[PDB]
Q: 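Got a structure for you, questions after.
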Amino acid sequence: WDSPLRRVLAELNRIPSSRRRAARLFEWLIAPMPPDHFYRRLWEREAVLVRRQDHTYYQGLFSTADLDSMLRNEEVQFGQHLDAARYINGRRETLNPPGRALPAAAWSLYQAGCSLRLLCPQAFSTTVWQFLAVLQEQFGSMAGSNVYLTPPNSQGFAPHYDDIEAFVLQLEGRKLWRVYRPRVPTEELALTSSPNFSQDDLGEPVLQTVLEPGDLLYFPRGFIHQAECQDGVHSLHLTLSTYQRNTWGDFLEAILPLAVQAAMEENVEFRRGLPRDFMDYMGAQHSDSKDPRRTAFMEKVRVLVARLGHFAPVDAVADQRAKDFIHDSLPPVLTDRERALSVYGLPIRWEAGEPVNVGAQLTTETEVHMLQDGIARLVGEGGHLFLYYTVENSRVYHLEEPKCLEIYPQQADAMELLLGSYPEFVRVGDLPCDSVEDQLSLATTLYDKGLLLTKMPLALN
Amino acid sequence: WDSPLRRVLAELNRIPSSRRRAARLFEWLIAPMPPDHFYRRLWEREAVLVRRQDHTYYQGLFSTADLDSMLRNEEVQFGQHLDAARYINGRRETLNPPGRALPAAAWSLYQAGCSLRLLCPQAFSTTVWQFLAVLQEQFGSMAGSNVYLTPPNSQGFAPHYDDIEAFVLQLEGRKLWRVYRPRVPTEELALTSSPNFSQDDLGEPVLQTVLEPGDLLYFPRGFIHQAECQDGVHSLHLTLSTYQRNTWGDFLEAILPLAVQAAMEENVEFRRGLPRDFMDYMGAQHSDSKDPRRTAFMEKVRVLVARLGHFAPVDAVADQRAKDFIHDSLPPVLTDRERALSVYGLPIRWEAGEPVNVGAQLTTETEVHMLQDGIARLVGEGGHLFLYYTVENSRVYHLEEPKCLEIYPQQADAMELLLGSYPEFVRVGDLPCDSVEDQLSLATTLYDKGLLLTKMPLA
Amino acid sequence: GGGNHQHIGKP
Amino acid sequence: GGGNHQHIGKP
Ligand SMILES: O=C(O)CNC(=O)C(=O)O
Ligand SMILES: O=C(O)CNC(=O)C(=O)O
Ligand code: NI
Ligand code: NI
């Protein structure tokens, strides 16, 4: 009936800023380790174990009882939502029958030694949703999760490395974990998930421990790991994952074609003709030529490539990734105050044959600010202006297409202000527009979409 | 009947090397200007006029009579093969009726003041074919052509610039030309053709001349031009074009994604995560921020970008372009000797109820070399080795798919040699292969495909 | 048998 | 209106 997780959630609900809520939750998640130390020294560098000495730390987040209800009461399907997995004679198996995952089938698979893995806990649990929704905002990257329930005296999964940064939250039971440093320079901070490996492929664990509820284990993408249940208890854990393809190279990959195209438009040296006879000394077949034109051809490539830095539209690419992030984001979890100050908390409802509370409008005296800090991004595309937002996203990844609205040039400045000054209230009448019309329409359009709050409710009971 | 063009062609037929034939033809084309001067100082820099003082210089290349027979005897279609164009009162018009372009329709359009433009002269004329096939080999880029026939006292086309390097061969009649330097830095060596322009959009011509048969006018992509017939004579000219999208930039375009992919595979600095909070100081909205993290983020991008030069697979991109050039190329034009020494000249024929002259087979003693120097390219793809070739290309651009054959590893070294030592004869038996089976099958395969010749006819 | 952590919450 | 030099030999 109380736990550290329940308390931190009540605490978040009293922190007015969403940026601050996010920092605070991530502090809680790794406590007592300071985030700053973690991000400077451990993130993308080391495996980290936090021995919580508190079995209750995560109570309320997710439980096996939760899972059992969901199988009974929601349309959970094998494959789409739930996997049944075994690791037995050095071999990974998958035992999903097609269709609905009823309790009766799931528990018989469990009983036969299958781990159960729920791929999108956040679609079924409001607590996991809140957890990830808050944390994504301090990662600048989608936070996902899987829940892994493993039966006693069994291993569910082969040793492997994944393509994300992983935080394992031990929820119930005990599990023996082995985590290994990247085996080779090329596996450090891996881009893609590895194949299932065998024990002959493994070196010596850098971390070997039995996790217990409340504990945390973190390790970077590329760190092999495996896990088992011994000693007759089950294990349940939730892995929080982030930073899938959020690298410097992924930034460049988008930058380069634009930069070359810009370089070709703006500087004739990029438009000059290749030599008529480069095919005489370049190519695989010419890889050992002593033609000095070869040497010079290479140098020129490197000099031209170097000069691309100048043409790279860094801010434009930053906004495209921002926009992708907006699309990938879980929709926001509103504090009671945020609800109460927004369109969502308006007391307008139907009672005895009619709607009550109609019509309390925004005026120039209404003081406003963005609903939260991590729900919206203004992006210029095709010489138009588009405000992308998260407030209508599904809890399921990309179930809805990207949502946006156009912001007319007259209104652009006022929108930039709004986004850049959260959480400071601004009189609608002091927003930088020419008219009172434009002030009022931006504010009102933002409000009705659930993007804006008012210092006081517009409508009272 | 004999002209400088006919003579240079008969001359090419006696020059054993295709590489030399190509250099020689280009020399002829711009004579008396030296190619080396032209390429070092004028190519991609200046408009150039060559006043030939010889109306017969191009006789035998292409004529209006050739066009007239074409309309009658080949299935020339409006749009696909032939345009009718007018420029009057400052407006470009196109007047192509759908379908077949019979003489009757083309000539009354000509009469009504339309220019006629044939889009692929080389598909319908064996001389233009040879001309372009030889020249492509010294450009290292597809040589295209259009033919432009313009009636008296008319202009067919608006002032514009094109996306290619252009050589205007004046064939019959006379035409007044105006050519302009690029109007602005971004128009110098333009990437794509311009819109039709008006006279208020033009500065002063750098070159204004009345061309006569035999003359040549060359100008770079980006140079505006226009042309009119005056007085009473018509004009015919063939414009030879090349160097479409063959820039340093087009090379980098293909280099860069591979370079980043390789940098990401082989160096962990390219695999490190972005800042968690870069969206706070990067983006349009933050263009003016004084956050020093901004200045560090830019710097890092410029440093990483710089480092990509190291990871650039320049030779692989060279070979992809070579492959594309092979696909774009016109098929080769064989000298009499090449024909006679190759599969094409085997005298095997059907004579009174049967095939006569089955030729010899090749043996270890047969001395061989590539048919010509610009018909083939060996390219590695997917840990495989593929010889791309031109000998089965259509005279129509990309009408056939890219043609290739696989070269097994056992045979790669020997193929490489063959291509690197043209035109020196090599005994099949001395080809670097493990076995005499590999020696024999590479040579035989190459020969039957029309890729190889023999020092003496196999029969 | 196949896949390990599915970050996006789909197969 | 319409198009000028067609290097490719084609529309
Ligand atoms: O529980 C297991 O056997 C494996 N778990 C994981 O690989 C994970 O959470 O990323
Ligand atoms: O003949 C004309 O008026 C048009 N010619 C050209 O644009 C050209 O040859 O490239
Ligand atoms: Ni894993
Ligand atoms: Ni032109």
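All chains are named by letter (A, B, ...) in the order of the sequence lines, taking the proteins before the strands, and each is independently numbered beginning at 1. Atoms within each ligand, like the ligands themselves, are counted from 1 in listed order.
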Q: Check for me whether the distance between the ring centres of A:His225 and A:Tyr161 falls short of 6.0 Å.
A: no
Q: Classify the angle between the aromatic ring planes of B:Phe38 and B:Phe167 as parallel (below 30°), tilted (30 to 60°) or perpendicular (above 60°).
A: tilted
Q: In terms of side-chain geometry, is the basic nitrogen of A:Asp215 or A:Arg51 positioned less than 4.0 Å from the acidic oxygen of its partner?
A: yes
Q: With 2.8 Å as the limit, count the protein N, O or S atoms near the Ni ion (ligand 4).
A: 2
Q: List ligand 1's nitrogen or oxygen atoms that come under 3.5 Å of a protein nitrogen or oxygen, with the partner atom and distance.
A:
{"unit_1": "ligand 1", "atom_1": "1 (O)", "unit_2": "A:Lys175", "atom_2": "NZ", "d": "2.8"}
{"unit_1": "ligand 1", "atom_1": "7 (O)", "unit_2": "A:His160", "atom_2": "NE2", "d": "2.9"}
{"unit_1": "ligand 1", "atom_1": "7 (O)", "unit_2": "A:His225", "atom_2": "NE2", "d": "3.3"}
{"unit_1": "ligand 1", "atom_1": "9 (O)", "unit_2": "A:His237", "atom_2": "NE2", "d": "3.1"}
{"unit_1": "ligand 1", "atom_1": "9 (O)", "unit_2": "A:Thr239", "atom_2": "OG1", "d": "2.6"}
{"unit_1": "ligand 1", "atom_1": "10 (O)", "unit_2": "A:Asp162", "atom_2": "OD2", "d": "3.3"}

Q: Can you label the angle between the A:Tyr57 ring and the A:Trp28 ring as parallel, tilted or perpendicular, going by 30° and 60°?
A: parallel
Q: Would you call B:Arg178 and B:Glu228 a salt bridge, taking side-chain N to carboxylate O under 4.0 Å as the test?
A: yes
Q: What pairs with A:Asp54 under salt bridge (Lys or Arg N to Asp or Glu O under 4.0 Å), at least two apart in sequence or on another chain?
A: none
Q: Can you name the residues that form a salt bridge (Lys or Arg N to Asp or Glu O under 4.0 Å) with A:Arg117, not counting sequence neighbours?
A: A:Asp83
Q: Give a yes or no on whether a salt bridge exists between A:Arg181 and A:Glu188, defined as a side-chain N under 4.0 angstrom from a carboxylate O.
A: no
Q: Do B:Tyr110 and B:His234 have their ring centres less than 6.0 Å from each other?
A: no
